[PDB]
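In what follows, a structure is listed as structure tokens, so that the remarks can point back to it.
Neighbour counts run over all protein chains shown; Cβ positions are idealised from the backbone, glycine included. Values in this text are rule-based calculations from the coordinates and carry no lab data.
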Amino acid sequence: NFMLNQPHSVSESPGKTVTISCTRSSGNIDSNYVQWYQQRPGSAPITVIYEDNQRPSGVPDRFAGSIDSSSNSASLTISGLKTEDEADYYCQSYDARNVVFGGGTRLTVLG
């Protein structure tokens, strides 16, 4: 079963852009769909990206999902950072039917 590896922490100021990466340990990142979840303390993991790059209704266009087959990774890019964006972000994919989660990246919005 492959692993998904992401950095534990990222930081940036409001209005800026951050990128959070998620590297797949074995096989190809494009073999299975990648989902991104946003989780604040007290909430369930909330889908912000599904199927690599699709946003659910209500999720602002500031959130963008991408896949880089060359680096075997998935990226979540958040532009125009707002304080509400401070949260842990988890990538997630599937090994057959089995759910695989990355370790999460905590985004700190400075100030």
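Data table
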item	result
Among the residues listed as 57, 93, the single one being more than 15 Å from residue 8 (Cα to Cα), out of contact with any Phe, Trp or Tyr (no Cβ under 7 Å at 6 or more places or on another chain) and not basic (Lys, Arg)	57
Candidate set: the range 1-12, residues that are farther than 14 Å from residue 87 by Cα and more than 14 Å from the chain's Cα centre (by Cα); chosen: the one surrounded by the fewest Cβ atoms within 10 Å (Cβ to Cβ)	1
Selection within the range 89-103 - assigned to a loop (DSSP other than H, G, I, E, B) and surrounded by fewer than 21 Cβ atoms within 10 Å (Cβ to Cβ)	96, 97, 103
Residue 98 vs. criteria more than 13 Å from residue 6 (Cα to Cα) and in contact (Cβ under 8 Å) with a residue 40 or more places away in the chain	yes
Test: residue in the range 29-44 that is surrounded by fewer than 17 Cβ atoms within 10 Å (Cβ to Cβ), closer than 21 Å to residue 83 by Cα, in contact (Cβ under 8 Å) with a residue 24 or more places away in the chain and in contact with a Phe, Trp or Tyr (Cβ under 7 Å, 6 or more places away or on another chain)	yes
The range 1-25 residues that are on the phi < 0 side of the Ramachandran plot, paired with ones that are surrounded by 19 or more Cβ atoms within 10 Å (Cβ to Cβ) and among the basic types (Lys, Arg) (beta carbon under 9 Å, 6 or more apart)	2/24; 3/24; 4/24; 5/24
Residue ID - surrounded by the most Cβ atoms within 10 Å (Cβ to Cβ), chosen from residues in the range 70-88 that are free of Cβ contacts under 8 Å to residues at least 60 places away in the same chain, part of a strand (DSSP E or B) and out of contact with any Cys (no Cβ under 9 Å at 6 or more places or on another chain)	87
